[PDB]
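S.K.: My questions will all concern the structure given below.
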Protein chains: 2
Amino acid sequence: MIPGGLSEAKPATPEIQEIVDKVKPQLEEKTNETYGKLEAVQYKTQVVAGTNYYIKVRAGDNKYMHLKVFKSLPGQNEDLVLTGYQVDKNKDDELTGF
Amino acid sequence: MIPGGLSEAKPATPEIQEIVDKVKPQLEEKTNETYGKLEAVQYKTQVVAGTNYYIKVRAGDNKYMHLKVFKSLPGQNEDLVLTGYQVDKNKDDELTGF
């Protein structure tokens, strides 16, 4: 529906305490100051989306094609670009990040 | 709310037939192979995801720091890049478009 939404805010995780532990040297140079005790507090997560397109197409009873087109901006059909494409495999071929 | 996965399979939309019609010459040039008639059949859509992070973590002497870290691919410690940070402000500072 809506790409780019914040997840639940967790008050501290083992990964969040690891993020501060990696960011303390870079933050210390940019702040001109030493931070005291670094303890995990509360993080959220935003997921960005894009749109990849996978098509099944009938060549005759002997052949059947898959197609793969990347799109960026909606409202322009000419922005469709072929980035992947599968062969003569049947309609039984499931379109699965091929 | 919803897991990733391909969208609904439409058995030959007017967009599906237009995508294969435009990719019929490009498929035959890239494979060097001649295909008979390509008619629309069933396509599915594909959702890519990217993950930005918004963290709070109290590293002050008496203070609280809050920073967001953008990452590309998971399983890489060098992929975790600090792009945005907050200082000595408390848990009241919400990580918002940042």
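How things are named: the first chain in the structure tokens is A, the next is B, and so on; residues count from 1 in each chain; ligands count from 1 in the order shown.
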Show me, as a ChimeraX atom specification, every residue of chain B with an atom at most 8 Å from chain A, counting only C-alpha atoms.

M.R.: /B:6,16,19-20,23,27,35-62,69,82,91,95

S.K.: Superposing chain B on chain A by least squares with every Cα paired in order, what RMSD results?

M.R.: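 The fitted C-alpha deviation between chain A and chain B is 4.4 Å.
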
S.K.: Pull the helix (DSSP H, G or I) assignments for segment 5-73 of chain B out of DSSP run on the backbone, and list those residues as a PyMOL selection string.

M.R.: chain B and resi 14-31

S.K.: Apply DSSP to the backbone of this structure and, from segment 2-88 of chain A, keep only the residues in strand (DSSP E); write these as a PDB file with C-alpha atoms, in the first residue's frame.

M.R.:
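Writing the result to out-v6.pdb gives the following:
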ATOM      1  CA  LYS A  37      28.195   5.028  28.989  1.00  0.00           C
ATOM      2  CA  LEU A  38      26.434   3.944  25.809  1.00  0.00           C
ATOM      3  CA  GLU A  39      23.294   1.903  26.591  1.00  0.00           C
ATOM      4  CA  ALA A  40      20.683   0.828  24.033  1.00  0.00           C
ATOM      5  CA  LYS A  44      12.386   2.093  14.741  1.00  0.00           C
ATOM      6  CA  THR A  45      12.862   0.751  11.126  1.00  0.00           C
ATOM      7  CA  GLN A  46      11.608   2.221   7.764  1.00  0.00           C
ATOM      8  CA  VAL A  47      11.445   0.001   4.694  1.00  0.00           C
ATOM      9  CA  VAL A  48      11.802   1.556   1.181  1.00  0.00           C
ATOM     10  CA  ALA A  49      10.049  -0.224  -1.793  1.00  0.00           C
ATOM     11  CA  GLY A  50      10.629  -0.510  -5.553  1.00  0.00           C
ATOM     12  CA  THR A  51       8.665  -2.388  -8.270  1.00  0.00           C
ATOM     13  CA  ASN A  52      10.098  -5.263 -10.381  1.00  0.00           C
ATOM     14  CA  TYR A  53       7.662  -7.013 -12.884  1.00  0.00           C
ATOM     15  CA  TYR A  54       7.556 -10.663 -13.912  1.00  0.00           C
ATOM     16  CA  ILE A  55       5.338 -11.877 -16.783  1.00  0.00           C
ATOM     17  CA  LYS A  56       4.237 -15.202 -18.214  1.00  0.00           C
ATOM     18  CA  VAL A  57       3.470 -15.189 -21.903  1.00  0.00           C
ATOM     19  CA  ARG A  58       2.276 -17.843 -24.337  1.00  0.00           C
ATOM     20  CA  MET A  65       8.154 -17.236 -22.196  1.00  0.00           C
ATOM     21  CA  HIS A  66       8.848 -15.410 -18.993  1.00  0.00           C
ATOM     22  CA  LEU A  67       9.607 -11.709 -18.956  1.00  0.00           C
ATOM     23  CA  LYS A  68      11.195  -9.343 -16.413  1.00  0.00           C
ATOM     24  CA  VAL A  69      10.854  -5.538 -16.551  1.00  0.00           C
ATOM     25  CA  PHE A  70      12.094  -3.051 -13.939  1.00  0.00           C
ATOM     26  CA  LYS A  71      10.015   0.141 -13.434  1.00  0.00           C
ATOM     27  CA  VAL A  81      13.082  -1.502 -19.179  1.00  0.00           C
ATOM     28  CA  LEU A  82      13.842  -5.183 -19.801  1.00  0.00           C
ATOM     29  CA  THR A  83      16.337  -6.177 -16.995  1.00  0.00           C
ATOM     30  CA  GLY A  84      15.679 -10.037 -16.898  1.00  0.00           C
TER      31      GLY A  84
END

S.K.: Find the distance between atom CA of residue 30 of chain A and atom CA of residue 5 of chain A and write it in Å to one decimal.

M.R.: 28.9 Å
